[PDB]
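J.: in the first instance, please consider these chains from the complex; the rest will follow:
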Amino acid sequence: XXXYXXXXXXXXXXXXXXXXXXXXXXXXXXXXXXXXXXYXXXXXXXXXXXXX
Amino acid sequence: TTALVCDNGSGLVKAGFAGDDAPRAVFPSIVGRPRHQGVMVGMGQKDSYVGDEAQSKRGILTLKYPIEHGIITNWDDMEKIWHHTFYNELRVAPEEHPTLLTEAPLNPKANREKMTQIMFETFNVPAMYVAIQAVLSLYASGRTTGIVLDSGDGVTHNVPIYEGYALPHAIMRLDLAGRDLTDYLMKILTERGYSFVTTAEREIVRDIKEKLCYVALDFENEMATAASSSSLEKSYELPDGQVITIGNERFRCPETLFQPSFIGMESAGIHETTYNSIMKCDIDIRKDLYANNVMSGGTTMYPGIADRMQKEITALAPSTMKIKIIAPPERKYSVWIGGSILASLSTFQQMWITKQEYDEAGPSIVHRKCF
Amino acid sequence: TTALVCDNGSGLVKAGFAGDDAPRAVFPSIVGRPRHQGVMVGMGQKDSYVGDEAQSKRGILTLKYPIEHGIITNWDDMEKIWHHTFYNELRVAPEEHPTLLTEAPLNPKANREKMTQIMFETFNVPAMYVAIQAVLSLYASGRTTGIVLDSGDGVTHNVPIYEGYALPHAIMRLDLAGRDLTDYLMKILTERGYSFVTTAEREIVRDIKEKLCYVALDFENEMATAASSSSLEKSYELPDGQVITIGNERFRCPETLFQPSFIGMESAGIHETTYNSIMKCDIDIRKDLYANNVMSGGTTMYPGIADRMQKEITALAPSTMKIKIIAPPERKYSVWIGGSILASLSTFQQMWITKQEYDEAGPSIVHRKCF
């Protein structure tokens, strides 16, 4: 095994990754959904500014 | 045209078109090579052998096993296997169908990237997908919520799935699968001390795992019966050669799942892992899962697992609330069956990878695009 | 005589007399026990092990962790730890000093009642007090008003304190501490798929958390650099064994604090929690806190947190008004240091619990008498 497994696994699993994760897209969407202070206070400032 | 799915859930390997009830045929993913000087000059030397062909030929062949711990060990060997499977069983050309790939969840990107890279380049194939086991398990079992346990040839799983969504934090993933258990078996077996170690010799155990195992109802009480009785003990032949007759050594084996001391680790076991992973997940859902509890494949084949599991949950659950588990007949096939369903729906036409993307962007595409 | 303070802020545990600059020594509050048959008969069997002694001995020991979520899990284990700490490090007898206790705020009475009950009964100790972290944090940081963030080993905090008073309604308390983050780390780490799960294996990560982490300045831009460069990627050894080399997986970790999706929860994060909790608190004070902003301990150790925090506040604040944060060097010690100050002032002689009360009334005394 020390030859057989390691020849592949040491060599290739060296370089594992690159992506702009779709899971991070999920995170971004969620944080947008759950920036309460952003949505609510923007909406309230926008409306409440107009007084007639 | 038509659409084709490979199962690479480990153990024998399962492949079939969308809408057939069961895959055409199935192969272990053994790989093996010669061990001795080739001394019939009349013989053609082939240097690598796979599948039931090898399963016959085994004795002078020696095995390599191209998937450890659900991680596929050596790519070019896989490519040999894969090529063989297409041409010899399937009589299929890579252009012919979209092809669907079956993955351990939560495991290193590399398997994604090379698998796709090879199969789009080495094979040239209209559409590709890789899918996580539990999804198929639900689709086949047809309950949109659930939790799945499927401990195959390879790394052993807990996923709760709620209807229509993943809880990837919730998920637990374990290298406890039956192969390593079997290799523990030998360290049992030397007690009776009929004893042999090599790969083929190890696979011989697999038959016994088919035939001779059954699940401990209660461990202490079983020991008491072990002192009382020999009906616990059954008599079995070598595949050829001797009759062999086996005591508690049969039932002791599955307990490892409940107690992975015997080859020693800490993760508190299938059931305690499950309830742990529940208690991670949130409060209200839980009843459904108490209702909807689902199991499949290699280990589950054993008679009785579901019962002691339920005993365990009745230990850990507040008894007040309903509990049951599902134990379908077909579990070992379940995944590929679900894959067939998965293949059926037109939405993957929206969803498949196409060659074009692989042209325009790398393997990186997958990890956004798929789960 | 003289006066002695235990820190039981979780992580390594900190203890020292009033007026020393830094505690004599410090211990993880790991607890661990044997895993295997004891097979050197020459060995003395000790069945429980703690502290750097265990930290050496670990491998056959297996860990229990006596504080979850800042809540101390198993009392008698604590008692073992506590006894050890006194006698082995401190060479101290319970009579010798008043003793001061360090508490997560806003958490269940039970910790108060049993802690006091044990320590007055099991130890017999002139005077007792339990104090809330933020108070010490101010005293050490020496600004009578403030808000504190200190996310230790254990449950993670927001308290505004105004000068001389509490706003217990204002306060936010979160189980987001670095341990759970670290356990998420593994679910990261299997991407590169060098992979190991057990308690000691988990603590091995702690070193990497020391060495390899740094705070994302900007997430998108960092991803762009991640596509560009490998300087983002650094090479690190196993504590023994291999060299390991780590990409974005380092910086991605702290973002969880800003986005606890990655192990998924909703509380909108440290900073948004903070501004929320501000907007709870009243209007005029706010400028001071915009000025006086204070952070400490386990997570804060990371380089850069304060900067992105300020970026976040500049997002959320009306830019018009001054903003800054404090990031002292010594934050991880800060609490016990403040405790030393707290010990110094004679007013606790007015304030300590005495044995007499514990005689004349129960643990109930505390909850009136202390905060």
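T.: Right, received. Where do you want to start? Numbering: from 1, shown residues only, chains lettered A, B, ... in the order given.

J.: in the stretch 151-300 of chain B, which spans are helices?
T.: Assigned helices in the stretch 151-300 of chain B, in chain order: B:178-189, B:199-211, B:219-228, B:249-258, B:270-280, B:286-291, B:297-300 (criterion: DSSP state H, counting those that start in this stretch).

J.: show me what the shortest one is packed against.
T.: So the one you mean is helix B:297-300. strand B:146-150, helix B:331-344 (3 or more CB pairs under 8 Å, 6 or more residues apart in numbering or on different chains; DSSP states H and E). C-beta coordinates here come from the backbone N, C-alpha and C atoms, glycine included.

J.: find the centremost residue of chain B, please.
T.: residue B:152 (2.5 Å; CA atoms, centre = their mean).

J.: pretty sure that residue contacts residue B:12?
T.: No: at 10.2 Å, residue B:152 does not count as touching residue B:12 under the criterion of CB atoms under 8 Å.

J.: need the contact list for the residue nearest to residue B:263 when sequence neighbours are not counted.
T.: Excluding its sequence neighbours, the residue lying closest to residue B:263 (CB to CB, 6 or more residues apart in numbering or on different chains) is residue B:184, at 4.6 Å. Residue B:184 makes contacts with B:253, B:256, B:262, B:263, as judged by CB atoms under 8 Å, 6 or more residues apart in numbering or on different chains.

J.: got phi/psi on the residue of chain B found nearest chain C?
T.: Residue nearest to chain C within chain B: residue B:108 (2.8 Å; CB to the nearest CB). The phi/psi pair for residue B:108 (degrees, to the nearest 10) reads phi -60, psi 150.

J.: that one: neighbour count?
T.: Residue neighbour count, defined by other CB atoms under 10 Å in any protein chain shown, stands at 21 for residue B:108.

J.: what does residue B:265 give?
T.: What residue B:265 shows, counting by other CB under 10 Å, is a neighbour count of 18.

J.: same deal with the one 4 residues further on?
T.: Close neighbours of residue B:269, defined as other CB under 10 Å, add up to 20.

J.: all strands of the stretch 101-250 of chain B, in order?
T.: B:127-132, B:146-150, B:156-161, B:172-174, B:234-237, B:243-246 (DSSP state E, counting those that start in this stretch).

J.: output the last one in CSV with nothing but the alpha carbons.
T.: Yep, that's strand B:243-246 we're talking about. Taking C-alpha atoms only, strand B:243-246 is exported to CSV below (Å, rounded to 0.1, in the frame of the first residue of the first chain):
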residue,chain,number,x,y,z
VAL,B,243,-17.0,-27.8,7.4
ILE,B,244,-16.5,-24.9,9.9
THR,B,245,-18.7,-24.2,12.9
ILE,B,246,-19.1,-20.9,14.5
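
J.: one more, chain D:
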Amino acid sequence: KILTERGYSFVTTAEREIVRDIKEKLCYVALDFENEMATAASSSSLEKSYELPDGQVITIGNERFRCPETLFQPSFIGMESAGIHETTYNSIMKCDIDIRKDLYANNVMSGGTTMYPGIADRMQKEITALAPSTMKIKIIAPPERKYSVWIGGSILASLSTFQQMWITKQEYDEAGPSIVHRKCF
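T.: Alright, chain D goes in next:
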């Protein structure tokens, strides 16, 4: 099955034990197999002359050093287990991560085969192959290894704790051989 190459040849049990003497006298461990073959082509100092216990002088080539290699390569009587050293590193990689350095330090060998000069060296060569070179490695090769076990047994006998630990006749009266398997390892 080697020896018939030179084809002075005898098979029975006593004849087989006669070899044991040669195993005492004539063996030594291959430092490097290829390089040894090159020397085998070059030289006869590799070849030494030895008597029958009575009767003839016998003189033996590579047939001496080839023998121990079986330990490293059990082809020559053919099996798969990847050998002493690869078994060892395998069994390590089973065992957990932190301990390993100690074992890299503490490496111990004894008895019948180990008697051969040189084993420890090529073993270390092998581990330096398989180890990450970064970390210390050594092995212990005490003089007395073949006796070691009984010596240790003497120590084992010494300590009073076995008085706590021995089996006594009484148990054997009151319960079977079964006693052992709980009671002892």
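
J.: same question on the neighbour count of residue B:265, but now with chain D added
T.: Residue B:265: 19 neighbours (other CB under 10 Å).

J.: swap in residue B:41?
T.: Residue B:41 - counted by other CB under 10 Å - has 6 other residues nearby.

J.: which of the three states applies to it?
T.: coil (DSSP: H, G, I helix; E, B strand; the rest coil).

J.: do the same with the one 5 residues further on
T.: Per three-state DSSP, the local secondary structure of residue B:46 is coil.

J.: separation between it and residue D:66?
T.: Counting by CB to CB, to the nearest Å, the separation of residue B:46 from residue D:66 is 31 Å.

J.: next one: residue B:294
T.: From residue B:294 to residue D:66 the distance is 59 Å (CB to CB).

J.: same thing with residue B:165?
T.: The value you get for residue B:165 to residue D:66, if CB to CB is used, is 65 Å.

J.: picking that back up, quick check: the residue nearest to the centre of chain B touching residue B:13?
T.: No: checked against CB under 8 Å, the pair residue B:152 and residue B:13 is beyond contact range at 11.3 Å.

J.: overlap in contacts, these two.
T.: In contact with both residue B:152 and residue B:13: no residue, using CB under 8 Å, 6+ apart.

J.: picking that back up, tell me which residues touch the residue nearest to the centre of chain B, please.
T.: So residue B:152 contacts B:9, B:10, B:11, B:177, B:178, B:297, B:298, B:299 (CB under 8 Å, 6+ apart).

J.: list buried residues within those.
T.: Listed as buried from those are B:9, B:10, B:11, B:177, B:178, B:297, B:298, B:299; burial here means 16 or more other CB atoms under 10 Å in any protein chain shown.

J.: could you dump those residues into CSV with distance to residue A:4 added?
T.: Shown next, in CSV, are these (distance: CB to CB, whole Å):
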residue, distance to residue A:4
B:9, 22
B:10, 17
B:11, 20
B:177, 20
B:178, 22
B:297, 27
B:298, 24
B:299, 27
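
J.: how about the residues of chain B by chain C?
T.: Within chain B, the positions adjacent to chain C are B:71, B:106-110, B:167-169, B:173, B:264-267 by CB under 8 Å from any CB of the partner chain.

J.: which of those count as buried?
T.: B:71, B:106, B:107, B:108, B:109, B:110, B:167, B:168, B:169, B:173, B:265, B:267.

J.: which ones, among those residues, also lie beside chain D?
T.: Answer for these near chain D: none qualify (CB under 8 Å from any CB).

J.: residue B:369: how many residues sit nearby?
T.: Using other CB under 10 Å, residue B:369 has 16 neighbouring residues.
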